[PDB]
2 protein chains.
Amino acid sequence: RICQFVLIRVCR
Amino acid sequence: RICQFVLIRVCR
């Protein structure tokens, strides 16, 4: 149970 | 409609 920033492919 | 990598807070 850990939250961290990570890169992800997101369209817009 | 453009897709790119971006940092986001994600838990696990």
# chains A, B, ... in the order shown; residues from 1 in each chain; ligands from 1
call {"tool": "select_by_dssp", "arguments": {"residues": "chain B", "states": "strand (DSSP E or B)", "output": "list in words"}}
result
residues 3, 4, 5, 6, 7, 8, 9, 10 and 11 of chain B
call {"tool": "write_last_selection", "arguments": {"atoms": "C-alpha atoms", "output": "PDB file, in the first residue's frame"}}
result
ATOM      1  CA  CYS B   3      -1.141  10.753 -25.911  1.00  0.00           C
ATOM      2  CA  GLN B   4       1.955  11.329 -23.777  1.00  0.00           C
ATOM      3  CA  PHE B   5       3.623  10.087 -20.593  1.00  0.00           C
ATOM      4  CA  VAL B   6       2.790  11.993 -17.408  1.00  0.00           C
ATOM      5  CA  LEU B   7       3.435  11.522 -13.690  1.00  0.00           C
ATOM      6  CA  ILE B   8       0.428  10.757 -11.491  1.00  0.00           C
ATOM      7  CA  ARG B   9      -0.205   9.692  -7.895  1.00  0.00           C
ATOM      8  CA  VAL B  10      -1.015   5.976  -7.967  1.00  0.00           C
ATOM      9  CA  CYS B  11      -1.343   3.671  -4.960  1.00  0.00           C
TER      10      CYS B  11
END
call {"tool": "decode", "arguments": {"residues": "chain B", "atoms": "N, CA, C and O atoms", "output": "CSV table (one decimal), in the first residue's frame"}}
result
chain,number,residue,atom,x,y,z
B,1,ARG,N,-6.5,14.9,-30.1
B,1,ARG,CA,-6.3,13.6,-29.4
B,1,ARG,C,-4.8,13.2,-29.4
B,1,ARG,O,-4.3,12.6,-30.3
B,2,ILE,N,-4.1,13.7,-28.3
B,2,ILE,CA,-2.7,13.4,-28.2
B,2,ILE,C,-2.4,12.6,-26.9
B,2,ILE,O,-2.9,12.9,-25.9
B,3,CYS,N,-1.5,11.6,-27.0
B,3,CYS,CA,-1.1,10.8,-25.9
B,3,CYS,C,0.3,10.9,-25.5
B,3,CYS,O,1.2,10.9,-26.4
B,4,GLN,N,0.6,11.1,-24.3
B,4,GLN,CA,2.0,11.3,-23.8
B,4,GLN,C,2.1,10.8,-22.3
B,4,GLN,O,1.1,10.7,-21.6
B,5,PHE,N,3.3,10.6,-21.9
B,5,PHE,CA,3.6,10.1,-20.6
B,5,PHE,C,3.6,11.2,-19.6
B,5,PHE,O,4.1,12.3,-19.8
B,6,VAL,N,2.9,11.0,-18.5
B,6,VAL,CA,2.8,12.0,-17.4
B,6,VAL,C,2.8,11.3,-16.0
B,6,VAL,O,2.2,10.3,-15.8
B,7,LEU,N,3.4,12.0,-15.1
B,7,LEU,CA,3.4,11.5,-13.7
B,7,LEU,C,2.1,11.7,-13.0
B,7,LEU,O,1.5,12.8,-13.1
B,8,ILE,N,1.7,10.7,-12.2
B,8,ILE,CA,0.4,10.8,-11.5
B,8,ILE,C,0.5,9.9,-10.2
B,8,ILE,O,1.2,8.9,-10.2
B,9,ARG,N,-0.2,10.4,-9.2
B,9,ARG,CA,-0.2,9.7,-7.9
B,9,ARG,C,-1.0,8.4,-8.0
B,9,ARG,O,-2.2,8.5,-8.1
B,10,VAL,N,-0.3,7.3,-7.9
B,10,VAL,CA,-1.0,6.0,-8.0
B,10,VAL,C,-0.6,5.1,-6.8
B,10,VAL,O,0.6,4.9,-6.5
B,11,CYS,N,-1.6,4.5,-6.1
B,11,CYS,CA,-1.3,3.7,-5.0
B,11,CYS,C,-1.3,2.2,-5.4
B,11,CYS,O,-1.9,1.9,-6.4
B,12,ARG,N,-0.7,1.4,-4.6
B,12,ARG,CA,-0.7,-0.1,-4.9
B,12,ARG,C,-0.7,-0.9,-3.6
B,12,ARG,O,0.3,-0.9,-2.8
